[PDB]
Amino acid sequence: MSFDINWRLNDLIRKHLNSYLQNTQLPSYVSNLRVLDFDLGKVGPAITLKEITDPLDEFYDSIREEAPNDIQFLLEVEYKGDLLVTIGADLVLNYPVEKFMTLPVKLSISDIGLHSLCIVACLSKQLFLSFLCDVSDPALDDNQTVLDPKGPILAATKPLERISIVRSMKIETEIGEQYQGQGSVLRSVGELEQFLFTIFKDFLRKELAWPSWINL
């Protein structure tokens, strides 16, 4: 019973991600970060229902502070969809001098691979969405439920020992003709690509990964 899903949101994600970026301290090699475009795409995840339970008490606890009869789905989610983020960056070349040059440059984050247990909780009628952990996370080996609150995943006491939710991700960069020869530029671009990779994964973890969640 592994029955699919396919599908303003894009603009909301764009402005939020933009805020995140504008609130990030930048290395010497990048002057400016901005989201040129965000696109969730046309292709969605393969969804398998794993279990269905009462919502986690942590949700109720959250509501009781600021924000009965309700429901929660434990889902296995397998994503190899067509999400695309296009980010504008001002690459700073420091090879000769400091701030020798600035190249407007555009990076493309694409081809996101994901295979993870998430949860979707209806609590009348706020909606909670959170990615718990990757499918092949070692904390699932001893063959016990994820929804165990005293268990490793939900307790979130050892974030280091968690497998990354994002399995794969592709970053490309568009630079000028003129710079494809110079190794210094290529190196700076590499550094920027790595930095943006870690930044984006960080953002996703802070927005979607348990104990964080998307609240509606």
Which numbered condition in (1) more than 13 Å from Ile119 (Cα to Cα); (2) surrounded by fewer than 16 Cβ atoms within 10 Å (Cβ to Cβ) is the only one that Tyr79 fails? (2)
Scan the stretch 15-47 for residues that are under 27 Å from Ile119 (Cα atoms), crowded, with 18+ Cβ neighbours inside 10 Å and among the β-branched types (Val, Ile, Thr) and report the count. 1
How about the stretch 27-44: which of its residues are over 22 Å from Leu93 (Cα atoms) and not in a strand (DSSP E or B)? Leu40, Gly41, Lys42, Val43, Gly44
Say whether the condition of being within 30 Å of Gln182 (Cα to Cα) and touching a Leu at 6+ places or on another chain (Cβ under 8 Å) is met by at least one residue in the stretch 63-80. no
Identify all residues within the stretch 187-216 that are surrounded by fewer than 17 Cβ atoms within 10 Å (Cβ to Cβ), over 30 Å from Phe128 (Cβ atoms), more than 17 Å from the chain's Cα centre (by Cα) and of a type outside the set (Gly, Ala, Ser); write none if there are none. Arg187, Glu191
Conditions (1) exposed (fewer than 15 other Cβ atoms within 10 Å of the Cβ); (2) closer than 23 Å to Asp37 by Cα: number failed by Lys125: (2)
Residue that is nearest to the chain's Cα centre (by Cα) [pool: residues in the stretch 129-145 that are under 16 Å from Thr48 (Cβ atoms) and part of a loop (DSSP other than H, G, I, E, B)]: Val135
Would you mind telling me which numbered condition in (1) in contact with an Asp or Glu (Cβ under 7 Å, 6 or more places away or on another chain); (2) under 22 Å from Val166 (Cβ atoms); (3) in a loop (DSSP other than H, G, I, E, B) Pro55 fails? (2)
How do the pairs read when you match residues in the stretch 159-186 that are surrounded by 14 or more Cβ atoms within 10 Å (Cβ to Cβ) with residues anywhere that are part of a loop (DSSP other than H, G, I, E, B) and of a type in the set (A, V, I, L, M), using Cβ under 8 Å and keeping only pairs 6 or more apart or on different chains? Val185/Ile175
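Only the coordinates and a few stated rules stand behind these numbers; no lab work does. Counting neighbours? That spans all protein chains shown, and the Cβs are built from the backbone with ideal geometry, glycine included.
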